[PDB]
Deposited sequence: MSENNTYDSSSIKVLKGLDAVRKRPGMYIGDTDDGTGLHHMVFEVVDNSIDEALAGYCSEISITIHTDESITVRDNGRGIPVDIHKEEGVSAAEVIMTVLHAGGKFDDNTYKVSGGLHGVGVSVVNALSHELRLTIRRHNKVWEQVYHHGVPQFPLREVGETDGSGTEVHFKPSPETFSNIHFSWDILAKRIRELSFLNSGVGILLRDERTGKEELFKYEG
């Protein structure tokens, strides 16, 4: 059902031309990290605007489970990222890299337009826990792929205001501007 999203993206994400939907791609990934905060697992969220106009969102939560899911026969993480949520962002990204830190292991999966390049795979060790999503918006969906500091800042000011416990770091690599927002 990522096909449905790719076919009619306006209906899932918002306007693909005026910047509204492009920024909502970020809002949606961040909202998943806020869920992890609200559940009590996440105190810190990092959002980075890369020089190539891609986005990294990183949290210090539990990390999405990696265990094979009985029904699909793939990792729970893959299910979450591919089956209609964040799976919309995946569908509308030409490239998305998921990195999970969980039970002292680093796991990654790369998708193209939501299709996994490979099954979730072990790549390192870690003493941290949490979830990192890097995505590159598809230029077949979006025109004028240019993120706005002001738009993401406003959203984070909202999230920070409404969730006084969470520390949210915005970094713009294009300008080097950073700000930690925490009420």
Where does the structure fail to cover the deposited sequence at the C-alpha level?
1 to 16, 101 to 120, 220 to 221
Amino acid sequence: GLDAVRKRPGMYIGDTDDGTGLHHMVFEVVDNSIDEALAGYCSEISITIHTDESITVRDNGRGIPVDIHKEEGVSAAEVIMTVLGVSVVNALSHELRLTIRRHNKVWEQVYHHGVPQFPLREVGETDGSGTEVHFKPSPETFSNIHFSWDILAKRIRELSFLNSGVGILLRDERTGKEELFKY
From here on, numbers count along this sequence of modelled residues.
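Whichever C-alpha set is largest while still superposing within 1.5 Å between the two forms counts as the rigid core.
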61 to 69 versus 124 to 132: which one's CA atoms end up farther from this form in 4 other deposited structures of this protein after a core fit?
61 to 69
If you line up the core and then measure how far each C-alpha sits from this form in 4 other deposited structures of this protein, which stretch comes out higher, 157 to 165 or 10 to 18?
157 to 165
Once you work out the mean C-alpha B-factor for both 38 to 46 and 123 to 131 from the entry, which is higher?
123 to 131
Should the higher mean CA B-factor in the entry be assigned to 166 to 174 or to 5 to 13?
5 to 13
Quick one: which of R58, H146, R62, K136 shows the highest Cα temperature factor in the PDB entry?
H146
Third assignment of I68 from its chain's C-alpha B-factors:
highest
In terms of its chain's C-alpha B-factors, the third that includes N104 is the highest
Per the entry's values, where does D52 land by CA temperature factor relative to the rest of its chain, in the lowest, middle or highest third?
middle
Using the temperature factors of the C-alpha atoms in this entry, rank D31 within its chain: lowest, middle or highest third.
lowest
When the modelled residues of the chain are sorted by Cα temperature factor, does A91 land in the lowest, middle or highest third?
lowest
